[PDB]
Amino acid sequence: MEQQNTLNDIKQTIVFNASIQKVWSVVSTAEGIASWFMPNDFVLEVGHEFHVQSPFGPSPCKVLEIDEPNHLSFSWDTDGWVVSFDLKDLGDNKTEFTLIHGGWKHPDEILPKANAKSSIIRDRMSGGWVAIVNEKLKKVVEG
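Residues numbered from 1 in each chain as written, not as in the entry; some residues may be left out. Heavy atoms only, no water.

- Structure determination for this PDB entry was carried out by solution NMR, as recorded in the header.

Below is the structure:
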């Protein structure tokens, strides 16, 4: 019939037993995130950039947009990636979580530092993200 084109944005749609407020709290803190991301001093500020502590080198970030009552966006420095966490108010103490992580466009290009097929990192990152999304995060929200 047809095949997919371009690089799809790592989408992770899942429904947790929490509220958009709680789910947001998991994606609007320093300790909460660090509980499923990395040790850093998160900063809820627009155009605010920080630095995290990774065992594989420091990786700063830069907030793009801030909207607790919806979602937020931020870029990834020393890498060239973007991770945005969407939130949907479902109710009944439930909320829809959608992890969107892109960076590349066409399946072929290559980024520095990493230097590897974007499609490879997409799966590599997606996988770990999938688990993390259904490993710590879940434990974070549920916890």
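### Comments concerning the nonpolar core
- Grouped together as the largest cluster of nonpolar side chains are 37 residues, with contacts concentrated most on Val27, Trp36, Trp76, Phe85, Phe97, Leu99 and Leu137.
- Counting residues per element, the ones that place at least two in this core are β1 (10-16), α1 (20-25), β3 (61-67), β4 (71-76), β5 (81-91), β6 (94-102), α3 (118-133) and α4 (136-142).
- Per-element accounting of this core gives the leading share, four residues, to β5.
- Setting aside its immediate chain neighbours within four residues, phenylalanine 97 contacts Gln12, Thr13, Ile14, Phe16, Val23, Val27, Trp36, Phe85, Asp86 and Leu137. (Core = buried A, V, L, I, M, F, W, Y, C linked by side-chain atoms within 4.5 Å. Buried < 20%, exposed > 50% of the residue type's maximum accessible area, 1.4 Å probe, protein only. Helix = DSSP H or I, 4+ residues; strand = E, 2+ residues; numbered from the N terminus. Contact = heavy atoms within 4.5 Å.)

### Details of the sheet that holds strand β2 (residues 49-50)
- In space, the six strands of this open sheet follow the order β1-β6-β5-β4-β3-β2, with antiparallel pairing throughout. The open sheet is flanked by β1 and β2, the only strands paired with a single partner.
- Bridge count for β5 against β6 is nine bridges, and the pairing is antiparallel. By the bridge assignment for β6, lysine 88 is matched with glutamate 96.
- Docked against the sheet, α3 engages β1, β4, β5 and β6, running at close to 10° with respect to β1. (Pairing = 2+ DSSP bridges. Axes fitted to C-alpha atoms, helices over the stretch in contact; angles between N-to-C directions.)

### Topic: the packing of aromatic side chains
- As enumerated under the stated definition, the model contains ten aromatic pairs in all.
- With a centroid separation of 6.4 Å and an interplanar angle of 75°, the aromatic rings of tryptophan 36 and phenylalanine 97 are classed as edge-to-face. You can see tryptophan 36 sitting in the loop between α2 (31-34) and β2 and its partner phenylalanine 97 sitting in strand β6, a full 61 residues away along the chain.
- On the basis of an interplanar angle of 80° and a centroid distance of 6.2 Å, the ring pair of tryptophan 76 and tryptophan 81 is categorised as edge-to-face. Of the two residues examined, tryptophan 76 and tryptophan 81, each falls in the buried class. (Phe/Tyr/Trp six-rings, centres within 6.5 Å; stacked < 30°, edge-to-face > 60°.)

### A word on the environment of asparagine 40
- Relative to the elements of secondary structure, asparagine 40 occurs in the loop between α2 and β2.
- Through-space distance from the C-alpha of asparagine 40 to that of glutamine 53 is 5.9 Å; in sequence the pair is 13 residues apart.
- Setting aside residues up to four positions removed in sequence, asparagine 40 forms contacts with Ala30, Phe50, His51 and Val52.
- Side-chain polar atoms of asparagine 40 contact the backbone oxygen of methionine 38, separated by 2.9 Å.
- Within the local environment of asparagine 40, its side chain forms a polar contact with the backbone nitrogen of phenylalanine 42, the two atoms lying 2.9 Å apart. (Polar contact = N/O pair within 3.5 Å; in protein donor to acceptor, adjacent residues only side chain to side chain.)

### Quick notes on the environment of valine 52
- Here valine 52 is to be found in the loop between β2 and β3.
- Sequence separation of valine 52 and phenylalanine 42 is ten residues, and the distance between their C-alpha atoms is 8.4 Å.
- Sequence-distant contacts of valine 52, that is, excluding residues within four places in its chain, are made with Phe37, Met38, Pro39, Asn40, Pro58 and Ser59.

### Side note on the side chain of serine 75
- Tracing the chain through its elements places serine 75 in strand β4.
- Overall, the relative accessible area of 14% leaves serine 75 in the buried class.
- Residues contacting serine 75, with those up to four places away along its chain left out, are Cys61, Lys62, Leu64, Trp81 and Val82.

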